[PDB]
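Undergrad:
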Amino acid sequence: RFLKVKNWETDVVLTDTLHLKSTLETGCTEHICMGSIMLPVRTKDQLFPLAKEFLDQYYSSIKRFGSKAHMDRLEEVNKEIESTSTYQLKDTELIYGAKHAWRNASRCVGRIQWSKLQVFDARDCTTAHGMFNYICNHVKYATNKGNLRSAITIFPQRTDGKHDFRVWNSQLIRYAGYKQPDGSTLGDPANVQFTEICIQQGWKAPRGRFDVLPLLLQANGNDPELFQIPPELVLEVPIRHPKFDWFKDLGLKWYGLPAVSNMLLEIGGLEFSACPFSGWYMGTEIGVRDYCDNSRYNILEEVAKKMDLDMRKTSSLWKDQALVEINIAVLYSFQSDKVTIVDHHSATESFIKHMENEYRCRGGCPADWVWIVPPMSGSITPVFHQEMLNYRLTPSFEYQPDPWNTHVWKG
Amino acid sequence: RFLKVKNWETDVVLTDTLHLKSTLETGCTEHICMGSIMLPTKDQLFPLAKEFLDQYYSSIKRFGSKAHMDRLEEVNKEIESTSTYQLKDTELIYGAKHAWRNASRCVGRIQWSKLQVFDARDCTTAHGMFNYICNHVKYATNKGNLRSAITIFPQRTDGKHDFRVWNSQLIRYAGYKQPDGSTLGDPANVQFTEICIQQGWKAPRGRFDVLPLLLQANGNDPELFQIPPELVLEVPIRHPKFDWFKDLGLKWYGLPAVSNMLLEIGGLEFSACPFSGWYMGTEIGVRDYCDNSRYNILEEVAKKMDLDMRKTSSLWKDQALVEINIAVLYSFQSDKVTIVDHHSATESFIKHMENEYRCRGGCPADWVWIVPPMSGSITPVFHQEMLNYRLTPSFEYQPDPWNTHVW
Ligand code: HEM
Ligand code: HEM
Ligand SMILES: Cc1cc(N)nc(COC[C@@H]2C[C@@H](OCc3cc(C)cc(N)n3)CN2)c1
Ligand SMILES: Cc1cc(N)nc(COC[C@@H]2C[C@@H](OCc3cc(C)cc(N)n3)CN2)c1
Ligand SMILES: C[C@H](O)[C@H](O)[C@H]1CNc2nc(N)[nH]c(=O)c2N1
Ligand SMILES: C[C@H](O)[C@H](O)[C@H]1CNc2nc(N)[nH]c(=O)c2N1
Ligand SMILES: [Zn+2]
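Listed in order, the protein sequences are those of chains B and A. Going letter by letter, the first sequence gives residues 299 to 338, 348 to 718 in PDB author numbering. Going letter by letter, the second sequence gives residues 299 to 338, 350 to 716 in PDB author numbering.
Here it is, written out as structure tokens:
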């Protein structure tokens, strides 16, 4: 079967066949679309099919499908599963798998870059201190003094589900948030619960507005342990504006390295519960969401005040005006400091070129419109006008619940 | 089977039960989401009639009453004999209001119960259609104090006697492909303009020419009529700070009036049912003015602002966008023509959603359409999970008549 998507700006029509390979579910049915819903131990029997599906894809990609090497590898994995109840990936399969999880990530606008991913194999890791060391090396490699490089570090896979490796941080680098007795928040309200956990575990909180959180690291199902990332490894950018000299006195800064640490990587049925990955920022992630969400730093008012916009009625579009100036500031700042960043116009244009390429060479590109369209200036970006099909391919990145909700505390 | 939606800004969680009453299919499956796709006999009619009359009688708290059982009887009888039936005025009004209530793509539904319904089922000719439509335009416009209205022409019979307004909106601007290669006017309307010229319209060949109505009665060939110019309220666009903005020569019309959709009520199909509200400012300033395939004015504006257009990262597009949208709102407000900004409209929709969840058990909403085309995440709807599903009565897309009509 063939599904078509149309671009309503260019009238380019594309044909998807790749969707024939999805099997996981969307949340939607013939009666209800859940496209805007944020969140819509295995057995041997389920495992070998998943392994086989993956190895068939891997061997096809290297043009060795049905070779002796492919067949010997299937037999080898089959025997390993029946005997040990799991299997180990070869390094080449791990690299291919991690790259494909990114390629398959339907909410990711930056996927043009998918084939350029540095994979660090941390499956020999055994302790939280070992995890800390791997993560520092990742951060230093990825940061590359501002010339950012995409990377992923993969810790040992799930076994019985009682021995999981987890990074409790949602990102490797993030700022603390402190709920005050008066109900106000100091720092980032997104990270209050995690900050309280760090404090409880013994972190000495500086109690400022941009305090880089400590890593909380769990190895082999053990209780997690705290570590401070060496400050010299954490690249930060002070935010200033090209024309507005008072912008700097808002005291804003942000970190250069976006590094997701709380997702689960599935490759061939295996589950990598600690797999931190990092790329570089699109400016709106900081300028629109991190700074301007009401539930985050919430700076729109102070910026509009300083700009002397008419704030008595929403129809002056003062919020819209201040929003643009903040985003100019973020891009100007990163560029001035030679820290990699991409604007939402460039990133969405590259994404459309990536998407069209994927259609031609792969037969599709699953994409989640709700997430791909930037949170400002939506229809002046080409993705707004692009119909997309969202479906689930593996290898994949998945949400997993926060570990403080599920961890069995040892003592 | 019972579904939750969460607002990620306020943590408020609502429970949807209304989706179980959903009837038509979404386009999505368990394997694939089509949420971003623009367009994903007798024996059939009585179930549809019954479904509607049950909800109607429930709505006036008379469910299972003799008057309810009598009406079902009467309609059953009428379909049996005539192959169709006719709605009571009370039913027609209820159906139309509810079609708006059910429109998952409409942010303005807080207004749904204040809809003036003009019953034009007694209309028989295109000249009659023109009269009804001028009356709708004048009533809805109300000298700038806009009032929502719908005018309902006779229902489909055998499908060869359809009433249709050929225009996509009652008021729109012509588009002309030029020898030059460019497009003069609105590129959205090039094909319809040609059909108008072909059917005899003498086009002025300007940038903002109000199209004539092309009206089809009783499945007859469509006829042309010009809307009295004095009934078409238009707004010249100026900016509160940039005096040069008026020199761009921009204007828009006050009355957004959709005329190409089909109203389905209790299985009956009303193929000509033009309806109108008032504008949200972004519809004109972001989409009509800035879409690359519409008036595409960003470059010109940015050039007059003297912005650095060298690199996308200066955000010159974003800067010019905000200014254009400021000018749209200021112009409408200064001329006292009703308009809503996207902040006000989306705040109102959140309130409406909470009302509908509390009073009705849900509100079908299409996030892709509801979130405005600029400044998405600074409006509350961005952070609001929504469920999309199809309830009847409904407004539906139907194919353009020139593909379907046999001359
Ligand atoms: C190279 C530069 C990259 C850019 C500019 C980029 C851009 C983005 C943006 C803007 C989002 C949505 C984030 C949000 O709104 O919270 C996102 C999501 C995502 N990206 Fe990327 N990305 C990049 C690299 C990567 C890499 C290296 C990976 C994994 C190897 C990745 C995988 C993902 C995943 C799984 C999501 C969805 C996350 C979720 O559901 O919370 N991306 N990307
Ligand atoms: C009173 C003020 C109203 C406001 C502010 C408003 C707002 C909007 C907006 C902004 C859109 C999206 C339009 C687009 O992006 O092309 C829309 C769509 C829609 N509205 Fe409304 N609306 C109003 C009145 C009405 C009325 C009176 C009806 C019917 C009686 C209606 C039914 C619809 C329908 C069916 C759609 C989707 C049309 C389509 O799919 O193309 N609305 N509304
Ligand atoms: C509950 C829930 C599920 C789910 N899938 N996502 C969320 C919220 O998303 C948090 C976002 C995703 C992460 O950033 C995206 C990103 C990742 C990368 C690798 C690069 C980049 N520029 N941007 C951090 N914030 C919440
Ligand atoms: C009643 C009303 C009020 C208001 N403020 N705005 C509107 C705007 O809707 C008018 C038209 C109808 C919409 O058409 C877009 C469209 C195109 C196609 C091909 C299909 C479809 N369902 N919808 C957008 N403009 C309508
Ligand atoms: C409810 C809704 O799905 C939610 O607010 C989404 C919308 N789109 C998004 N898009 C991106 N890129 N990131 C997000 O966090 C969200 N949040
Ligand atoms: C492909 C995509 O569905 C399309 O561009 C949509 C997105 N959201 C929209 N939203 C509104 N309100 N109006 C539109 O015309 C569109 N177009
Ligand atoms: Zn869907």
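Ideal Cβ placement from N, Cα and C applies to all residues, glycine included.
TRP561 (chain A) lies in the beta strand (DSSP E); which residues open and close that run?
TA: As a first step, residue 561 (chain A) is located in the second sequence; it is residue number 252 there, counting from the start. Counting along the chain, the beta strand (DSSP E) containing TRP561 (chain A) begins and ends at 560-562.
Undergrad: Keeping to the same chain, check which residues put their C-beta closer than 6 Å to that of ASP556 (chain B); ignore five residues upstream and five downstream.
TA: For this step, residue 556 (chain B) is matched to residue 249 along the first sequence. Same-chain partners within the cutoff: there are none.
Undergrad: Mind checking whether the beta-carbon of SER623 (chain B) lies closer than 6 Å to any heavy atom of ligand 5?
TA: Here residue 623 (chain B) refers to the residue found at position 316 of the first sequence. Checking every heavy atom of ligand 5 against the Cβ of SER623 (chain B), none is found closer than 6 Å.
Undergrad: Tell me, which residues are paired with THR313 (chain A) by DSSP?
TA: In the second sequence, the residue the question calls residue 313 (chain A) occupies position 15. Its beta-bridge partners are A:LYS302.
Undergrad: Are the CB atoms of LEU638 (chain A) and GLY685 (chain A) nearer to each other than 7 Å?
TA: As a first step, residue 638 (chain A) must be located in the second sequence, where it is residue number 329. As a first step, residue 685 (chain A) must be located in the second sequence, where it is residue number 376. Result no, Cβ atoms of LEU638 (chain A) and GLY685 (chain A) do not sit closer than 7 Å.
Undergrad: Whose CA, out of B:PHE534, B:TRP678, B:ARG410 and B:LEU616, lies closest to the CA of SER422 (chain B)?
TA: Within the first sequence, numbered from 1, the residue matching residue 422 (chain B) stands at position 115. Residue B:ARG410 is the option with its Cα nearest to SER422 (chain B).
Undergrad: Does DSSP classify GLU543 (chain A) as helix, strand or coil?
TA: Within the second sequence, numbered from 1, the residue matching residue 543 (chain A) stands at position 234. Strand at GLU543 (chain A).
Undergrad: Below 7 Å between beta carbons: does that hold for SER653 (chain B) and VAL544 (chain B)?
TA: For the purposes of this step, residue 653 (chain B) is taken as residue 346 along the first sequence, with counting starting at 1. For the purposes of this step, residue 544 (chain B) is taken as residue 237 along the first sequence, with counting starting at 1. No, the Cβ-Cβ distance between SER653 (chain B) and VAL544 (chain B) is not below 7 Å.
Undergrad: Give the interface partners of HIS661 (chain B) over in chain A, defined as CB-CB distance under 7 Å, in chain order.
TA: One-based indexing of the first sequence puts residue 661 (chain B) at position 354. Within 7 Å Cβ-Cβ: nothing; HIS661 (chain B) doesn't reach chain A, min ~17 Å.
Undergrad: Within the same chain, show all residues whose beta-carbon is closer than 8 Å to that of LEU396 (chain A), passing over the 5 residues directly before and after it, in chain order.
TA: One-based indexing of the second sequence puts residue 396 (chain A) at position 87. Same-chain partners within the cutoff: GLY404, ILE574, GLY575 and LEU577.
Undergrad: Using Cβ-Cβ distances below 9 Å, what residues of the stretch 629-656 of chain B are close to chain A?
TA: Listed by position, the residues of the stretch 629-656 of chain B near chain A (Cβ gap below 9 Å) are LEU630, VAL631, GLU632, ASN634, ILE635, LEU638, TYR639, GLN642, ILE648, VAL649, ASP650, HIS651, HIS652, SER653 and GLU656.
Undergrad: Count the CB pairs spanning the stretch 657-674 of chain B and the stretch 531-546 of chain B that are closer than 8 Å, and state whether there are at least three.
TA: Counting Cβ pairs under 8 Å, fewer than three are found: no touch.
Undergrad: Just the C-alpha distance for residue 717 (chain A) and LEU572 (chain B), rounded to the nearest angstrom, thanks.
TA: With chain A covering 299 to 716 only, the question about residue 717 (chain A) has no answer from this structure.
Undergrad: For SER477 (chain A) and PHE501 (chain A), which I take to be in contact (beta-carbon distance under 8 Å), what is that distance rounded to the nearest angstrom?
TA: As a first step, residue 477 (chain A) must be located in the second sequence, where it is residue number 168. As a first step, residue 501 (chain A) must be located in the second sequence, where it is residue number 192. Between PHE501 (chain A) and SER477 (chain A) the Cβ distance is about 7 Å, and since that is below 8 Å, they are a contact.
Undergrad: Less than 7 Å between CB atoms is the rule here; does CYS326 (chain A) satisfy it with respect to chain B?
TA: As a first step, residue 326 (chain A) must be located in the second sequence, where it is residue number 28. Yes, its Cβ sits closer than 7 Å to a Cβ of chain B.
Undergrad: Find out if the Cβ-Cβ distance for the pair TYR706 (chain B), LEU337 (chain B) is shorter than 7 Å.
TA: The residue given as residue 706 (chain B) occupies position 399 in the first sequence. The residue given as residue 337 (chain B) occupies position 39 in the first sequence. The answer is yes: Cβ separation under 7 Å.
Undergrad: Give me the DSSP bridge partner(s) of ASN697 (chain B).
TA: Start at 1 with the first residue of the first sequence, and residue 697 (chain B) comes out as number 390. Answer is A:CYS331.
Undergrad: In three-state terms, what does DSSP make of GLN707 (chain B)?
TA: The residue labelled residue 707 (chain B) in the question sits at position 400 within the first sequence. It is coil, neither helix nor strand.
Undergrad: Between the stretch 668-689 of chain A and chain B, which residues of the former have CB atoms less than 7 Å from a CB of the latter, in chain order?
TA: Listed by position along the chain: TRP676, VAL677, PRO682, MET683, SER684, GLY685, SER686 and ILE687.
Undergrad: Enumerate in chain order the residues of its own chain whose CB-to-CB distance from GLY417 (chain B) is below 6 Å, with the five nearest sequence positions on each side excluded.
TA: Counting from one through the first sequence, the residue named residue 417 (chain B) turns up at place 110. For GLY417 (chain B), where only same-chain residues beyond five positions count, the Cβ hits under 6 Å are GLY586.
Undergrad: From the DSSP output, in three-state form, read off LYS469 (chain B) for me.
TA: Working through the first sequence from its first residue, we reach residue 469 (chain B) at position 162. Note: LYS469 (chain B) maps to coil in three-state DSSP.
Undergrad: What would DSSP say about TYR485 (chain A), mapped onto helix, strand or coil?
TA: For the purposes of this step, residue 485 (chain A) is taken as residue 176 along the second sequence, with counting starting at 1. In this structure, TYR485 (chain A) counts as strand in the three-state DSSP scheme.
Undergrad: Which residues of chain B have a Cβ atom closer than 8 Å to the Cβ of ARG596 (chain A), listed in chain order?
TA: Numbered from its first residue, the second sequence carries residue 596 (chain A) at position 287. Those are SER686, listed as they occur along chain B.
Undergrad: Apart from the five residues just before and just after residue 347 (chain B), which ones in its own chain have a Cβ nearer than 8 Å to its Cβ?
TA: Because chain B is numbered from 338 directly to 348, the model contains no atoms for residue 347 (chain B).
Undergrad: Pick helix, strand or coil for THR688 (chain A), following the three-state DSSP scheme.
TA: Position 379 of the second sequence, counted from the start, is the residue given in the question as residue 688 (chain A). In the structure shown, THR688 (chain A) sits in coil (DSSP, three-state: anything other than H, G, I, E or B).
Undergrad: Residues in the stretch 509-529 of chain B with C-beta within 8 Å of chain A's C-beta atoms, listed in sequence order?
TA: Answer set for the stretch 509-529 of chain B: empty.
Undergrad: Less than 6 Å between C-beta atoms, sequence neighbours within five positions excluded: which residues of the same chain meet that for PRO496 (chain A)?
TA: Start at 1 with the first residue of the second sequence, and residue 496 (chain A) comes out as number 187. Around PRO496 (chain A): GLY484 and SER602.
Undergrad: Run the CB neighbour count on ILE593 (chain A), radius 10 Å, all protein chains shown included, and call it buried at 16 or more, exposed below.
TA: If you number the second sequence from 1, residue 593 (chain A) lands on position 284. Classification for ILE593 (chain A): buried.
Undergrad: As a quick exercise: from B:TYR441, B:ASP650 and B:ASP467, pick the residue whose alpha carbon is nearest that of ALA458 (chain B).
TA: Position 151 of the first sequence, counted from the start, is the residue given in the question as residue 458 (chain B). Considering only alpha carbons, the answer is B:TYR441.
Undergrad: Hey, how far is the Cα of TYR366 (chain A) from the Cα of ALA408 (chain B)?
TA: Here residue 366 (chain A) refers to the residue found at position 57 when the second sequence is read from its first residue. Here residue 408 (chain B) refers to the residue found at position 101 when the first sequence is read from its first residue. The straight-line gap from Cα to Cα measures roughly 53 Å.
Undergrad: Give me whichever residues DSSP pairs with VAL649 (chain A) in a beta bridge.
TA: Here residue 649 (chain A) is taken as the residue at index 340 of the second sequence, counted from 1. Answer is A:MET589, bridged to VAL649 (chain A).
Undergrad: Using 8 Å as the Cβ pair cut-off and three pairs as the minimum, do the stretch 464-475 of chain B and the stretch 516-524 of chain B touch?
TA: A contact exists between the stretch 464-475 of chain B and the stretch 516-524 of chain B.
Undergrad: Using 6 Å as the cut-off, classify the Cβ of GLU656 (chain B) as near or not near the heavy atoms of ligand 6, replying yes or no.
TA: Position 349 of the first sequence, counted from the start, is the residue given in the question as residue 656 (chain B). Checking every heavy atom of ligand 6 against the Cβ of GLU656 (chain B), none is found closer than 6 Å.
Undergrad: Specify the secondary structure class of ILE480 (chain B) as computed by DSSP and reduced to three states.
TA: Taking the first residue of the first sequence as 1, we reach residue 480 (chain B) at position 173. Three-state DSSP puts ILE480 (chain B) in coil, outside helix and strand.
Undergrad: Per DSSP, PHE579 (chain A) forms a beta bridge with which residues?
TA: Counting from one through the second sequence, the residue named residue 579 (chain A) turns up at place 270. According to DSSP, which records beta bridges pairwise, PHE579 (chain A) is partnered with A:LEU572.
Undergrad: Mind listing which residues of the stretch 690-709 of chain A have their C-beta closer than 7 Å to chain B's C-betas, in chain order?
TA: Within the stretch 690-709 of chain A, the qualifying residues are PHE691, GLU694, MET695, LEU696, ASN697 and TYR698.
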